[PDB]
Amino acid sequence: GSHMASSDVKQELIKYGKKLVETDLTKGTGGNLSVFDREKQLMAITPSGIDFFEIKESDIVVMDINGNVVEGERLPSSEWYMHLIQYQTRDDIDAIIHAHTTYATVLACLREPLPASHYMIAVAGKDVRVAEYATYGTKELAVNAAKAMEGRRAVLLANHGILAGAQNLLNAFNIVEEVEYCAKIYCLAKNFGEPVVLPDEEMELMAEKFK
């Protein structure tokens, strides 16, 4: 009666699901959100194949650290293990958003990383890497994403989309938004000429300012 993920967290997943569509970051398809409660060691995650605008609190799936479902009758997001393995391996990430955005996914389909052509990428790191390709919803994708997000708060998923993580959903959402913006700026700059990339020293400074 207090042992499971709170109503607050479930409602918040729904809120940010909607925000992703409202701001036109994604239509929702193949996208998913989760939060991890560190005290309880439970992940709450969006369900598979339900439109973001139709998700109810009862559709949220709650899982333990080994992926055993403890609340919810819906099937969890097909990407549940991609989220869970992050929480298993990183203490600095308590909320994750996966989305099929526009320019971030362009870069992912080129299998091209995103460098510091705009300073705001420092919300994720000096750059955003591209994970090795693996089929959606597989262990291979989960592992590939974990590895390529090491030392970063976002990662591109080859031929697929983006994954971002932060301390909470507001910050995770901000990272998705900012990485998508940076991806867009970078791609558009590439059309015109050679984007100027800020040096690592400047990005190291940026990281410290952003704290």
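Numbering starts at 1 and follows the sequence shown.
Comparing the deposited coordinates for 124-132 and 102-110, the stretch with the larger average C-alpha B-factor is 124-132.
Stretches 65-73 and 156-164 differ in mean CA B factor, with 65-73 having the higher one.
Residue set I45, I55, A183, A142: peak C-alpha B-factor at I55 (per PDB entry).
Ranked by C-alpha B-factor against the other modelled residues of its chain, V21 falls in the highest third. Ranked against the other modelled residues of its chain, the C-alpha B-factor of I50 as given in the entry falls in the highest third.
The deposited CA B-factor of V196 belongs to the middle third of values across its chain.
Split the chain's modelled residues into thirds by C-alpha temperature factor. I97 is in the lowest one. In the PDB entry, a CA B factor belonging to the highest third of its chain's modelled residues is recorded for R90.
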